[PDB]
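Colleague:
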Amino acid sequence: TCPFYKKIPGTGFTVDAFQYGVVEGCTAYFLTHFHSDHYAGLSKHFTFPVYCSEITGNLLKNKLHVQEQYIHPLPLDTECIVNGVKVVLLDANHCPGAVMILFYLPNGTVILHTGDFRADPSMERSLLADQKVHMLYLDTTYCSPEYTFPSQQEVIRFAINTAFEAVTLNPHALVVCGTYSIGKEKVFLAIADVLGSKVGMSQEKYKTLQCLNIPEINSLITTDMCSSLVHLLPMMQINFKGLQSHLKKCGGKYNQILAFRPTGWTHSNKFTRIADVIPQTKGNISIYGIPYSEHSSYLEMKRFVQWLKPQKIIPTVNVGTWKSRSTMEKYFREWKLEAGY
Ligand code: NI
């Protein structure tokens, strides 16, 4: 049965609630973005209206085969009426197509559901600045102060310079980047760009990237592995076994692999700086884990909430334990007392 934090009171709306069968009273199912924990339950046999971004809609049609008549894409930054309720989709600074949703309730309550997001000061000059928000359904993934990580810009700088250096030393080195869902495309596109190559990948992954409205994408990616010196592989294949087996398949074109594993946060973040990160190495294979996050750090989350000053906060992540729930409520109270709302 659908949990309360996926229901929008005063509406027939749910968010990211596709795995509970038919939700009693729900006239429209919103999908924030195309990640499996969020879309879980959707398939080509789903027969209720889905509201989402254009990019999320392209992926529902082409990857899950949801029929077109049930896909309702909405433009961003635009006031739209859905079943008699005004809504706005805003960019969530998560993966492609990911949105936050503002719901303007008939009784005058305003609700922001962040979906999955990485809070940014630029959101303080979106349509959010224009009115008050009473309830906030918040992505609390990293809501604890030990969760620090660098900016996306710094991480990409590290990766570009690492890759460029390795391949200029050895023109016979192959770069491999791990992937399992959309998001974090910047990692492999920046590296390929600095090396003057397209990114090579499977037909299934190429299809996925073709849904994302990335400008000039046809110039950046290919299914011809032979012509490319940046390859994508499934994340599970980024280990010494998987990589050796992949190097065998390239037919003596390369004698070295440098591989990147974009992770979320990892405990090495409490000690080590990004400058200082080193790979794991076995023979002619090196593997960097890099902390490229598409979720708020603690400090980014704190800033956004203190700026927004919501009257009530409802967490959407880490809700399954009493210890987590209790930890989160403590930080919300701190933030509220520090800022005076
Ligand atoms: Ni996500």
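Take any residue in the sequence shown, count from 1 to its spot, add 143: that is its number in my numbering.
Here a beta-carbon is modelled for each residue, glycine too, at the ideal position from N, C-alpha and C.
Using the DSSP secondary-structure output, state which residues sit across from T157 in a beta bridge.
Modeller: Looking at the DSSP assignment, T157 forms a beta bridge with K150, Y172.
Colleague: Count the C-beta pairs between the region 346–358 and the region 408–425 that are closer than 8 Å, then say yes if the count reaches three, no if not.
Modeller: No, because fewer than three Cβ pairs between the region 346–358 and the region 408–425 fall closer than 8 Å, the two stretches do not touch.
Colleague: Take every Cβ of the region 280–287, pair it with every Cβ of the region 362–369, and state whether three or more of those distances are shorter than 8 Å.
Modeller: Segments in contact, no.
Colleague: Could you give the distance in angstroms between the alpha-carbon of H208 and the alpha-carbon of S186?
Modeller: So the alpha carbons of these two residues sit roughly 7 Å apart.
Colleague: For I325, tell me which candidate among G153, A171, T199 has the shortest Cα-Cα distance.
Modeller: Residue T199 is the option with its Cα nearest to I325.
Colleague: Where does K455 fall in DSSP's three states?
Modeller: Residue state, collapsed to three classes: strand.
Colleague: Between the region 461–469 and the region 434–442, do at least 3 Cβ pairs fall closer than 8 Å?
Modeller: The answer is no - the region 434–442 does not touch the region 461–469, with fewer than three Cβ pairs under 8 Å.
Colleague: Between which residues of its own chain and residue 88 is the CB-CB distance below 6 Å, once the five residues before and five after are set aside?
Modeller: Nothing about residue 88 can be read from this structure; the chain reaches only from 144 to 484.
Colleague: With respect to 7 Å, is the separation between the Cβ of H176 and the closest non-hydrogen atom of the ligand NI below this value?
Modeller: True, at least one ligand heavy atom lies under 7 Å from that Cβ.
Colleague: When the Cα atoms are used, what is the spatial distance from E347 to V330?
Modeller: C-alpha separation (whole angstroms): 19 Å.
Colleague: I'd like to confirm something about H237: is its beta-carbon nearer than 7 Å to some heavy atom of the ligand NI, or not?
Modeller: Answer for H237: yes, Cβ within range of the ligand NI.
Colleague: Suppose the cutoff is 6 Å on Cβ atoms and the five residues either side in sequence are ignored; what does the same chain contact list for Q449 look like?
Modeller: Cβ within range, chain order: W478, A482.
Colleague: When DSSP builds the beta bridges, which residues end up paired with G432?
Modeller: Answer by DSSP bridge pairing, in chain order: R404.
Colleague: Roughly how many angstroms separate the alpha carbons of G394 and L401, rounded to a whole number?
Modeller: Cα to Cα, the separation comes out at about 17 Å.
Colleague: What's the call for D259, buried or exposed, on a 16-neighbour Cβ count within 10 Å?
Modeller: So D259 ends up on the buried side.
Colleague: Beta carbon of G153, beta carbon of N250: below 8 Å?
Modeller: Closer than 8 Å, so yes.
Colleague: Using CA atoms only, rank isn't needed, just tell me which of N412, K150, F147 is closest to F292.
Modeller: With distances taken between Cα atoms, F292 lies closest to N412.
Colleague: Should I430 and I381 be called a contact, given that it needs their Cβ atoms to be closer than 8 Å?
Modeller: Contact: yes.
Colleague: Shortest alpha-carbon distance to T257 belongs to which of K204, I151, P288, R300?
Modeller: That would be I151, whose Cα lies nearest to the Cα of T257.
Colleague: Grab me the residues of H374's own chain with a C-beta within less than 8 Å of its C-beta, minus the 5 sequence neighbours each way, in chain order.
Modeller: Taken in chain order, the residues that qualify are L317, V318, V319, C320, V342, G343, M344, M368, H389.
Colleague: Quick check: what's the CA-CA separation for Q296 versus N461?
Modeller: Straight-line Cα distance between these residues: approximately 27 Å.
Colleague: Please give the ranges of any alpha helix (DSSP H) in the region 344–423, keeping only runs that are unbroken, at least 4 residues long and fully inside the region.
Modeller: Counting whole runs of 4 or more residues, the region 344–423 contains the alpha helix (DSSP H) stretches 346–353, 383–392.
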